[PDB]
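Take a look at this single chain, the form deposited in one PDB entry, given in structure tokens.
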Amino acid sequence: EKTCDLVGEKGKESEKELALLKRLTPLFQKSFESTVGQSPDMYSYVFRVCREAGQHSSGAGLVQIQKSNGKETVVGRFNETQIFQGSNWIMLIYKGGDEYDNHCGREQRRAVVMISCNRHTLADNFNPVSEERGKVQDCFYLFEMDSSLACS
């Protein structure tokens, strides 16, 4: 089966990153969702680690769904993954998402997920911090979530 493909020349992939990637495997089969806003402008976010996250769109690790019409916006693809480790957290990044084409310009979207250390849970509390959705215009997608895996 397919997994996350690190950003770099096939092989040049830092041993370090690959170590982090492996550390996250227990989350692979899991799925994280979050719904924000109020009707008719409610949006939903589905996040998966190195797995398909959308129903329709393919290759997405994080998708934004407009509930009023079910349209899926790819925020990041797991075939362009970057992963870093800070003091007591891990930052996961999915690049190559659908382009803005609005006040944000036309660069591609990327998904940034802050995985904070929480010794009391495998993985939960997934929620958006910064978004580009409706009235919210950050031109940036930042998500946070808890996991004992990110504990150093």
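Quick note: we count residues from 1 along the sequence shown, nothing fancier. For the two forms, the rigid core is made up of the largest set of C-alpha atoms that agree within 1.5 Å on superposition.
The form deposited in another entry exists for this protein as well; it is not shown, and the discussion that follows is about that form.
Colleague: Taking the rigid core as reference, does the Cα of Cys139 move 2 Å or more between this form and the one not shown?
Modeller: Yes.
Colleague: Taking the rigid core as reference, does the Cα of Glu33 move 2 Å or more between this form and the one not shown?
Modeller: No, its C-alpha moves less than 2 Å.
Colleague: What direction does the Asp146-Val136 Cα distance move in that other deposited form compared with the shown chain, closer or farther, given a change of 3 Å or more?
Modeller: It is farther: the C-alpha separation of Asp146 and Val136 rises by at least 3 Å in that other deposited form.
Colleague: Given that the distance between the C-alpha atoms of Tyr94 and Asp138 changes by 3 Å or more in that other deposited form, do they end up closer or farther than here?
Modeller: It is closer: the C-alpha separation of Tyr94 and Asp138 falls by at least 3 Å in that other deposited form.
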